[PDB]
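Visitor: to kick things off, part of the complex as it is:
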Amino acid sequence: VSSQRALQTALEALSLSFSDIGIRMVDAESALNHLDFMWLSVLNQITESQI
Amino acid sequence: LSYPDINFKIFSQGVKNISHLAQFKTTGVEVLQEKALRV
């Protein structure tokens, strides 16, 4: 566990990497938000035509 | 209508700061620095 000082530090860098990955997942979440709202608008106007 | 002030001193200062702080952060996240390169 004094070796897990450095192993803990590696885990902290890994948690940093995971925080980065989660930030970019939030970015992809907003991406899919705007994207899927566009897709909904597309299907909306299709149904507007079809009715 | 009115023509409000558009301070290009602040503008050129910010451009100089961006170009000044472009290649700064070499830490490990670096996609923030990639976005800063985009900016």
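Guide: Thanks, I have the structure now. Residues are numbered from 1 along each chain as shown, chains lettered A, B, ... in the order given.

Visitor: for residue B:29, see how far away residue A:17 is.
Guide: For residue A:17, the distance to residue B:29 under the criterion C-beta to C-beta, to the nearest Å works out to 9 Å. Backbone N, C-alpha and C define where each C-beta goes, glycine included.

Visitor: chain B contacts on chain A?
Guide: Taking C-beta under 8 Å from any C-beta of the partner chain as the contact definition, chain A meets chain B at A:13, A:16-17, A:20, A:24.

Visitor: going by distance to chain B, which of those residues wins?
Guide: Lowest distance from chain B to the residues of chain A next to chain B (C-beta to the nearest C-beta) belongs to residue A:20, with 5.4 Å.

Visitor: residue B:37: what's it in contact with?
Guide: Listed by C-beta atoms under 8 Å, 6 or more residues apart in numbering or on different chains, the contact set of residue B:37 reads residue B:22.

Visitor: helix or strand for it, which one?
Guide: For residue B:37, the host element (DSSP states H and E) is helix B:31-38.

Visitor: got the buried residues for that helix?
Guide: For helix B:31-38, the buried set under the neighbour-count rule, 16 or more other C-beta atoms under 10 Å in any protein chain shown, comprises residue B:33.

Visitor: next one is chain C, place it on the structure:
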Amino acid sequence: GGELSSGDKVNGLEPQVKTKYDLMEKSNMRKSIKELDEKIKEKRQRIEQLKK
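Guide: Chain C now in position relative to the chains above:
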């Protein structure tokens, strides 16, 4: 700095010189010169204690 009209996204030599100036301002490490002289005097103090 920027993209040349020829089509080359060069960085511009002035911010590179500015960056290396920021190195020679901070990564010059005069504080590390201080701390390494402190390392010298601490090791020297220890080994002169060892001399006596």
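
Visitor: and the helix holding residue B:37, is it in reach of chain C?
Guide: No - contact between helix B:31-38 and chain C is absent, the nearest approach being 9.8 Å (criterion: C-beta under 8 Å from any C-beta).

Visitor: distance check, the residue lying closest to residue B:24 once chain neighbours are set aside against residue B:39.
Guide: Nearest non-adjacent residue to residue B:24, counting by C-beta to C-beta, 6 or more residues apart in numbering or on different chains: residue B:33, 7.5 Å away. Distance of residue B:33 to residue B:39, computed by C-beta to C-beta: 10 Å.

Visitor: got it, and residue C:2?
Guide: Where residue B:39 is concerned, residue C:2 sits at a distance of 13 Å (C-beta to C-beta).

Visitor: again, but for residue B:12
Guide: Using C-beta to C-beta, we find residue B:12 at a distance of 16 Å from residue B:39.

Visitor: residue contacts, residue B:19?
Guide: Residue B:19 makes contacts with C:1, C:12, C:15, as judged by C-beta under 8 Å, 6+ apart.
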